[PDB]
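To start, the structure itself, in structure tokens.
Proteins come first, then strands; the chains are lettered A, B, ... in the order of their sequence lines, and each starts at number 1. Hydrogens, waters and symmetry mates play no part in the numbers below; they use all other heavy atoms, side chains included.
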2 protein chains.
Amino acid sequence: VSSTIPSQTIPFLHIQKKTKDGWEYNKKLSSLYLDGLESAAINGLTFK
Amino acid sequence: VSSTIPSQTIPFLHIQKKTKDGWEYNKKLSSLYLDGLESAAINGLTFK
């Protein structure tokens, strides 16, 4: 679903990174989080 | 002294404005504050 994130739009759920200006949306971390969410939705998420 | 603020450099003392991204340096408000400080240094500042 990260590839399906549209260009220039910030997803509704997103991981922010810290920079000199402050916290800002990070495409890479948001990609990782959204892919994890997709895997949790399809295969499930384990907490053993 | 505001005119003597160098271009593209943020003064050591400066007023920030609020924007969608957060608090950021504002040339206009920093100009006003620095001019007030210059006047306080030269002529003095009153609190009557």
Query raised in the report: For B/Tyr25, does its backbone N or O pair with a side-chain atom of B/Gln16 as donor and acceptor, under 3.5 Å?
Result: no

Report task. Supply the atom-to-atom distance B/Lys28 NZ to B/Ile15 CD1, rounded to the nearest 0.5 angstrom. Result -> 12.0 Å

Report task. Compute whether any side-chain donor of one residue and acceptor of the other, for A/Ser39 and A/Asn43, lie under 3.5 angstrom apart. Result -> yes

**Report entry** Heavy-atom closest pair, residues A/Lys18 and A/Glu24
**Finding:** N-OE1, 4.2 Å

Query raised in the report: If two hydrophobic side chains count as joined below 4.5 Å and joins carry through other members, does B/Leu37 share a cluster with B/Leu32?
Result: no

**Report entry** Shared hydrophobic cluster, B/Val1 / B/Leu13 (ILVMFWY, side-chain heavy atoms < 4.5 Å)
**Finding:** yes

Query raised in the report: Roughly how far, to the nearest 0.5 Å, is the OG1 atom of A/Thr4 from the CG atom of A/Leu34?
Result: 8.0 Å

Report task. For the residue pair B/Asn26 and B/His14, establish whether any side-chain heavy-atom pair is separated by less than 4.5 Å. Result -> no

Query raised in the report: Is a side-chain donor or acceptor of B/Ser2 paired with a backbone partner of B/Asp35 at a separation under 3.5 angstrom?
Result: no

